Number of protein chains: 2
Amino acid sequence: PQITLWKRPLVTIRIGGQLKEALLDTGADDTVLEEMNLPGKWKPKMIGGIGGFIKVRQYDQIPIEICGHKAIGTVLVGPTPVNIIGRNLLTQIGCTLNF
Amino acid sequence: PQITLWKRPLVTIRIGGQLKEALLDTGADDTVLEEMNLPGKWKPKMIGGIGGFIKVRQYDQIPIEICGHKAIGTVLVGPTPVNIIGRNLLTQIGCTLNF
Ligand SMILES: CC(C)CN(C[C@@H](O)[C@H](Cc1ccccc1)NC(=O)O[C@H]1CCOC1)S(=O)(=O)c1ccc(N)cc1
């Protein structure tokens with residue numbers, strides 16, 4: 001689709017059988033989801049944003065269906081304010097900015 | 001133009017003929033710029049994301065040119081590590097997300 005920006009670009013995603021709402025976030029390099037269970041191996045990592053750094057759990061090679069479009073990639077889980085879909089997955093689904 | 005997301009969507013902006021590089025950020029409700037001593041009235045505000053909140057100064061009706069396109073609106077000013085063009089101005093320059 002084409003998504004305008006008068007409202008937050010929130011879309012439904014499917015991850016591990018569950019529907020969640022997440023924010024298409026071009027200013028985020030990585031994809032970060034609120035506290036959740038995901039199967040398999042993970043590694044501790046830290047990431048920075050506007051307010052400081054946080055600790056996250058890094059899951060590699062995870063499938064997410066983002067607004068009907070399939071991605072498989074790195075998902076970070078931790079204390080983000082909102083579920084955010086970052087460039088690592090926006091690129092997979094062919095997302096570009098246009099004006 | 002079309003901006004892919006392989007890299008950070010940094011573009012040239014101008015505010016008071018200071019030219020800065022800024023993120024076209026669909027994840028940001030409001031534009032937030034690095035510390036700069038802008039003239040005019042302002043109100044205090046606190047904005048939050050990954051890592052917590054920062055204190056910013058809200059200036060209204062500030063003109064800004066974004067990649068050659070004119071905008072005018074609210075600009076938040078404070079200790080952000082990156083200049084962020086948020087949805088409040090992205091809409092004014094006709095920016096969409098497309099996939
Ligand atoms: C977290 C989202 C919901 C909101 N942020 C926008 C996001 O795009 C934010 C922009 C940013 C990039 C790099 C350093 C600092 C900030 N990226 C972000 O944290 O990227 C992290 C998570 C994964 O990759 C790195 S915001 O900066 O906090 C924000 C809050 C309020 C306003 N008015 C404007 C901006």
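Both counts, for ligands and for their atoms, begin at 1 and track the order of listing. Each chain gets a letter, A, B and so on, in the order the sequences are listed, and its residues count up from 1.
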Test your reading of the model: is there a side-chain donor-acceptor pair from [X] to the backbone of [Y], 3.5 Å cut-off?
{"X": "B:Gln92", "Y": "B:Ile72", "result": "yes"}
{"X": "B:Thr26", "Y": "A:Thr26", "result": "yes"}
{"X": "B:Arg14", "Y": "B:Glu65", "result": "no"}

Atom CG of B:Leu10 and atom CG of B:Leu23: how far apart are they, to the nearest 0.5 Å?
5.5 Å
Applying a strict 4.0 Å limit to heavy atoms, is B:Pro81 in contact with ligand 1?
yes
Contact with ligand 1 for B:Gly51, non-hydrogen, under 4.0 angstrom
no
For A:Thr31 and A:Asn88, which I'm curious about, is there any donor-acceptor pair between the side chains at under 3.5 Å?
yes
Nitrogen or oxygen atoms of B:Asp25 and ligand 1 under 3.5 Å apart
yes
With nothing but distance in play, are any N or O atoms of A:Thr31 less than 3.5 Å from an N or O of ligand 1?
no
For [atom], find the nearest protein heavy atom and state the residue, atom name and distance (0.1 Å precision).
{"atom": "atom 32 (C) of ligand 1", "answer": "B:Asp30 O, 3.8 Å"}
{"atom": "atom 13 (C) of ligand 1", "answer": "B:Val82 CG2, 3.9 Å"}
{"atom": "atom 20 (O) of ligand 1", "answer": "A:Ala28 CA, 3.5 Å"}

Please report the shortest heavy-atom distance between [X] and [Y], naming the atom on each side.
{"X": "B:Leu97", "Y": "A:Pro9", "value": "CD1-CB, 4.0 Å"}
{"X": "B:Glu34", "Y": "B:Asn83", "value": "N-OD1, 2.8 Å"}
{"X": "A:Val56", "Y": "A:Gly78", "value": "CG1-CA, 4.2 Å"}

A:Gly48 heavy atoms, cut-off 4.0 Å: which ligand 1 atoms fall inside?
21 (C), 25 (C)
Just heavy atoms, cut-off under 4.0 Å: does A:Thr80 contact ligand 1 by side chain, backbone, both, or neither?
neither
Under 4.0 Å between heavy atoms, the region of A:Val32 that gets near ligand 1 turns out to be side chain
Determine, considering heavy atoms only, which of B:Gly27, B:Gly49, A:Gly49 sits nearest to atom 4 (C) of ligand 1.
B:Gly27
Heavy-atom nearest option to atom 16 (C) of ligand 1, drawn from A:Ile50, B:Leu23, B:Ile47
A:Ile50
